[PDB]
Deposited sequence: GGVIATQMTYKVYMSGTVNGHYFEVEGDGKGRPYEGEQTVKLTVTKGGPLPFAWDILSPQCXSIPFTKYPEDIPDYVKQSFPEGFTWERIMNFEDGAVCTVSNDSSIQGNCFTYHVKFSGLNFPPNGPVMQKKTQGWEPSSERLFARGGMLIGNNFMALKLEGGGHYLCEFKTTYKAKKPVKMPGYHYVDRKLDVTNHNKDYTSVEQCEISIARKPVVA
């Protein structure tokens, strides 16, 4: 890689509000960027215990750790050392909407992610405010190039306590801070699991596997 080692670490500084409730989070992560393997530990440093499902924040806590085949240009890795930013819109089926923005920078062997999260209109008796969600189903992000940016769309779904799903549509725009070689139409399959946490989720550990690929049936 030259700029990105086979083994990297990263820090996460997140801030934001959910239905008006302010909060702050810090995380320490590590993983093999070229293997698409990752793990991170979060701490609600302010505003905890959170009155909403942690699952809505788990996806906001690292694109550089995506396994890209050699024949598919890696938009995000190419952006360093300059780095990139991403902007995300999350539309939940019960009307809740979230806007999230990240700034990813690099320093030596450590990535630094600054995140601003804004979510609202989560129904008081809904899955999020009642904490009835149980993790995200594995997902598949559809990605393509446009205006020098990489745009990703994903039909996410949170498993519900008692069965059923709580749908959320994701739209993420990755913006490199310098022009890079754009990839073709492809996908990134992911698995995001909370592997550990304390009773009130003021402490959480997450694992994620991200692998890019070309259309299965082409």
Check: deposited residues absent from the model (no CA) fall at 62
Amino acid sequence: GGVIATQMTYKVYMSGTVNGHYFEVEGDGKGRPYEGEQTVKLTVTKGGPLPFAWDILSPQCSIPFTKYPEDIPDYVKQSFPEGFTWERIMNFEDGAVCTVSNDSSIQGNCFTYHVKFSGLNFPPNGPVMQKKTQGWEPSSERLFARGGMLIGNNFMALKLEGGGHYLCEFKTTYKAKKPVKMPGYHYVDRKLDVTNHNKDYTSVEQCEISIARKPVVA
From here on, numbers count along this sequence of modelled residues.
The stretch carrying the higher mean Cα B factor in the deposited entry, 170-178 or 30-38, is 30-38
When the Cα temperature factors in the entry are averaged, is it 62-70 or 149-157 that ends up higher? 62-70
Residue selected from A96, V128, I89, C110 by maximal Cα B factor: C110
How does the C-alpha B factor of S104 compare with the rest of the chain: lowest, middle or highest third? middle
Using only modelled residues of the chain, where does the Cα B factor of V12 rank: lowest third, middle third or highest third? highest
Relative to the other modelled residues in the chain, which third contains the C-alpha temperature factor of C207: lowest, middle or highest? highest
When the deposited Cα B-factors of this chain's modelled residues are ordered and cut into thirds, is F80 in the lowest, the middle or the highest one? highest
